[PDB]
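What follows is a single structure, written as structure tokens, with notes after it.
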Amino acid sequence: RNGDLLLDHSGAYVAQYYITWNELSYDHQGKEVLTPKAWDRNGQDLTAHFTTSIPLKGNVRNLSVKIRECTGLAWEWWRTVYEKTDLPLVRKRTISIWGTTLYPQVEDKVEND
């Protein structure tokens, strides 16, 4: 079950993503293994306008998407703008964020029709 995770950041604030998942695999004895995987830009400070597409394989399990907005300097405050765990692996999911620092907004769009 191929899938794509599209992210769009148009908000007037610094955002951070934390996207992790497991890949299902079988060893030379053929029993189950879940391999932790993560987006390479996890924890990176991102500012508008930013877009990306993350390809997700059919053996992907335990998809977790965490989106935070940040503030402060040397040390940062954060509050969660979006957070879902064990997201259904669908054909195409688009998560878009926008708005202001004090009023961040988010849309999660699923397409698996």
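Each chain of the structure tokens is named A, B, ... in the order shown, its residues numbered from 1; ligands are numbered from 1 in display order.
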
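Near stretch 33-36 of chain A, within 8 Å and counting only C-alpha atoms, sit residues 20, 21, 22, 23, 24, 25, 26 and 27 of chain A, not including residues fewer than 3 positions from it in the same chain.
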
Write out as a list in words which residues come within 12 Å of residue A:77 when counting only C-alpha atoms, dropping same-chain ones fewer than 4 positions away.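 After dropping sequence-adjacent residues, the list is residues 14, 15, 16, 68, 69, 70, 71, 72, 73 and 101 of chain A.
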
Surrounding residues of stretch 52-56 of chain A excluding itself and chain neighbours under 5 positions, 8 Å, only C-alpha atoms, as a PDB file with N, CA, C and O atoms, in the first residue's frame:
ATOM      1  N   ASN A   2       1.279   1.697  -1.183  1.00  0.00           N
ATOM      2  CA  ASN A   2       1.994   2.964  -1.305  1.00  0.00           C
ATOM      3  C   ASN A   2       1.201   4.149  -0.774  1.00  0.00           C
ATOM      4  O   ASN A   2      -0.017   4.222  -0.937  1.00  0.00           O
ATOM      5  N   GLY A   3       1.902   5.076  -0.131  1.00  0.00           N
ATOM      6  CA  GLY A   3       1.276   6.291   0.347  1.00  0.00           C
ATOM      7  C   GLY A   3       2.213   7.474   0.235  1.00  0.00           C
ATOM      8  O   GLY A   3       3.423   7.309   0.093  1.00  0.00           O
ATOM      9  N   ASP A   4       1.650   8.674   0.289  1.00  0.00           N
ATOM     10  CA  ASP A   4       2.454   9.885   0.336  1.00  0.00           C
ATOM     11  C   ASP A   4       1.958  10.783   1.454  1.00  0.00           C
ATOM     12  O   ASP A   4       0.754  10.935   1.656  1.00  0.00           O
ATOM     13  N   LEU A   5       2.896  11.370   2.186  1.00  0.00           N
ATOM     14  CA  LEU A   5       2.564  12.364   3.191  1.00  0.00           C
ATOM     15  C   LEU A   5       3.076  13.730   2.764  1.00  0.00           C
ATOM     16  O   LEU A   5       4.273  13.993   2.797  1.00  0.00           O
ATOM     17  N   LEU A   6       2.155  14.608   2.394  1.00  0.00           N
ATOM     18  CA  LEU A   6       2.501  15.949   1.962  1.00  0.00           C
ATOM     19  C   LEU A   6       2.345  16.905   3.128  1.00  0.00           C
ATOM     20  O   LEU A   6       1.360  16.849   3.857  1.00  0.00           O
ATOM     21  N   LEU A   7       3.331  17.773   3.310  1.00  0.00           N
ATOM     22  CA  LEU A   7       3.267  18.777   4.357  1.00  0.00           C
ATOM     23  C   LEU A   7       3.348  20.162   3.745  1.00  0.00           C
ATOM     24  O   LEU A   7       4.163  20.408   2.847  1.00  0.00           O
ATOM     25  N   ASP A   8       2.509  21.066   4.236  1.00  0.00           N
ATOM     26  CA  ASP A   8       2.555  22.448   3.780  1.00  0.00           C
ATOM     27  C   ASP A   8       2.536  23.383   4.979  1.00  0.00           C
ATOM     28  O   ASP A   8       1.658  23.299   5.819  1.00  0.00           O
ATOM     29  N   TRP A  39      11.608  10.889   9.600  1.00  0.00           N
ATOM     30  CA  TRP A  39      11.902  11.910   8.609  1.00  0.00           C
ATOM     31  C   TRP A  39      13.228  12.575   8.959  1.00  0.00           C
ATOM     32  O   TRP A  39      13.472  12.894  10.124  1.00  0.00           O
TER      33      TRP A  39
END

Can you pull out the residues contacting residue A:48? Cut-off 10 Å, using only C-alpha atoms, and skip same-chain residues under 4 positions away; I want them as a list in words. residues 8, 9, 10, 11, 12, 13, 14, 15, 97 and 98 of chain A

Go ahead and compute the interatomic distance for atom CA of residue A:60 and atom CA of residue A:92, in Å to one decimal.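 About the pair atom CA of residue A:60 and atom CA of residue A:92: they are 13.6 Å apart.
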
Give me, as an NGL selection string, all polymer residues having an atom no more than 7 Å from residue A:90, counting only C-alpha atoms and skipping those fewer than 3 positions away in the same chain. :A and (3 or 93 or 111-112)

How would the residues just chosen look if you wrote them out with C-alpha atoms as a PDB file, in the first residue's frame?
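Ended up saving to out_24.pdb:
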ATOM      1  CA  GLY A   3       1.276   6.291   0.347  1.00  0.00           C
ATOM      2  CA  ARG A  93      -2.453  12.557   3.180  1.00  0.00           C
ATOM      3  CA  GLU A 111      -7.399  10.715   0.069  1.00  0.00           C
ATOM      4  CA  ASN A 112      -7.697   6.937  -0.133  1.00  0.00           C
TER       5      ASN A 112
END

I need the residues of stretch 4-92 of chain A that end up classed as strand (DSSP E or B) by DSSP on the backbone, written out as JSON, numbers by chain. {"A": [4, 5, 6, 7, 8, 9, 15, 16, 17, 18, 19, 20, 21, 22, 23, 24, 25, 26, 32, 33, 34, 35, 36, 37, 38, 46, 50, 51, 52, 53, 54, 55, 56, 60, 61, 62, 63, 64, 65, 66, 67, 68, 69, 70, 71, 72, 76, 77, 78, 79, 80, 81, 82, 83, 84, 85, 86, 87, 92]}

Store the residues picked out above in a file with C-alpha atoms, as a PDB file, in the first residue's frame.
ATOM      1  CA  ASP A   4       2.454   9.885   0.336  1.00  0.00           C
ATOM      2  CA  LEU A   5       2.564  12.364   3.191  1.00  0.00           C
ATOM      3  CA  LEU A   6       2.501  15.949   1.962  1.00  0.00           C
ATOM      4  CA  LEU A   7       3.267  18.777   4.357  1.00  0.00           C
ATOM      5  CA  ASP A   8       2.555  22.448   3.780  1.00  0.00           C
ATOM      6  CA  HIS A   9       3.645  25.247   6.115  1.00  0.00           C
ATOM      7  CA  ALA A  15       7.282  25.163  13.026  1.00  0.00           C
ATOM      8  CA  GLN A  16       8.907  21.836  13.846  1.00  0.00           C
ATOM      9  CA  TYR A  17       7.886  18.419  12.566  1.00  0.00           C
ATOM     10  CA  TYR A  18       8.356  15.043  14.200  1.00  0.00           C
ATOM     11  CA  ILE A  19       7.340  12.276  11.844  1.00  0.00           C
ATOM     12  CA  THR A  20       8.149   8.713  12.793  1.00  0.00           C
ATOM     13  CA  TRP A  21       6.913   5.305  11.706  1.00  0.00           C
ATOM     14  CA  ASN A  22       7.731   1.614  11.705  1.00  0.00           C
ATOM     15  CA  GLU A  23       8.601  -0.527   8.712  1.00  0.00           C
ATOM     16  CA  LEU A  24       7.348  -4.118   8.815  1.00  0.00           C
ATOM     17  CA  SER A  25       9.948  -6.707   7.797  1.00  0.00           C
ATOM     18  CA  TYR A  26      10.781 -10.409   8.000  1.00  0.00           C
ATOM     19  CA  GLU A  32       7.989 -10.097  12.408  1.00  0.00           C
ATOM     20  CA  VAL A  33      10.276  -7.084  12.899  1.00  0.00           C
ATOM     21  CA  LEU A  34       9.296  -3.420  13.298  1.00  0.00           C
ATOM     22  CA  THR A  35      12.087  -1.038  12.221  1.00  0.00           C
ATOM     23  CA  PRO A  36      11.906   2.499  13.693  1.00  0.00           C
ATOM     24  CA  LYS A  37      12.155   5.125  10.959  1.00  0.00           C
ATOM     25  CA  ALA A  38      11.977   8.913  10.929  1.00  0.00           C
ATOM     26  CA  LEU A  46      10.909  25.495   9.395  1.00  0.00           C
ATOM     27  CA  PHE A  50       7.591  25.256   3.052  1.00  0.00           C
ATOM     28  CA  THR A  51       6.303  22.165   1.260  1.00  0.00           C
ATOM     29  CA  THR A  52       7.431  18.575   1.158  1.00  0.00           C
ATOM     30  CA  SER A  53       6.343  15.101   0.171  1.00  0.00           C
ATOM     31  CA  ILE A  54       7.398  12.024   2.109  1.00  0.00           C
ATOM     32  CA  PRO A  55       7.045   8.657   0.386  1.00  0.00           C
ATOM     33  CA  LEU A  56       5.695   5.899   2.612  1.00  0.00           C
ATOM     34  CA  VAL A  60       4.858   1.217   6.966  1.00  0.00           C
ATOM     35  CA  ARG A  61       3.194   0.915  10.385  1.00  0.00           C
ATOM     36  CA  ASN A  62       2.672   3.109  13.477  1.00  0.00           C
ATOM     37  CA  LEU A  63       2.726   6.418  11.619  1.00  0.00           C
ATOM     38  CA  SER A  64       3.036   9.349  14.016  1.00  0.00           C
ATOM     39  CA  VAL A  65       2.928  12.994  13.006  1.00  0.00           C
ATOM     40  CA  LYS A  66       3.700  15.739  15.478  1.00  0.00           C
ATOM     41  CA  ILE A  67       3.641  19.434  14.578  1.00  0.00           C
ATOM     42  CA  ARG A  68       4.740  22.164  16.963  1.00  0.00           C
ATOM     43  CA  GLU A  69       5.158  25.910  16.795  1.00  0.00           C
ATOM     44  CA  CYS A  70       8.099  27.384  18.680  1.00  0.00           C
ATOM     45  CA  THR A  71       9.263  30.547  20.436  1.00  0.00           C
ATOM     46  CA  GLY A  72      12.139  31.838  22.555  1.00  0.00           C
ATOM     47  CA  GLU A  76      12.758  27.382  22.991  1.00  0.00           C
ATOM     48  CA  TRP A  77       9.093  27.192  24.157  1.00  0.00           C
ATOM     49  CA  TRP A  78       6.844  24.924  22.134  1.00  0.00           C
ATOM     50  CA  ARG A  79       3.139  24.182  21.875  1.00  0.00           C
ATOM     51  CA  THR A  80       1.588  21.450  19.748  1.00  0.00           C
ATOM     52  CA  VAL A  81      -0.308  22.592  16.664  1.00  0.00           C
ATOM     53  CA  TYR A  82      -1.104  19.074  15.502  1.00  0.00           C
ATOM     54  CA  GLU A  83      -0.535  15.564  16.816  1.00  0.00           C
ATOM     55  CA  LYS A  84      -1.785  12.179  15.680  1.00  0.00           C
ATOM     56  CA  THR A  85      -0.393   8.718  16.394  1.00  0.00           C
ATOM     57  CA  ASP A  86      -0.973   5.416  14.592  1.00  0.00           C
ATOM     58  CA  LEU A  87      -2.181   7.366  11.567  1.00  0.00           C
ATOM     59  CA  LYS A  92      -2.325  10.453   0.016  1.00  0.00           C
TER      60      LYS A  92
END
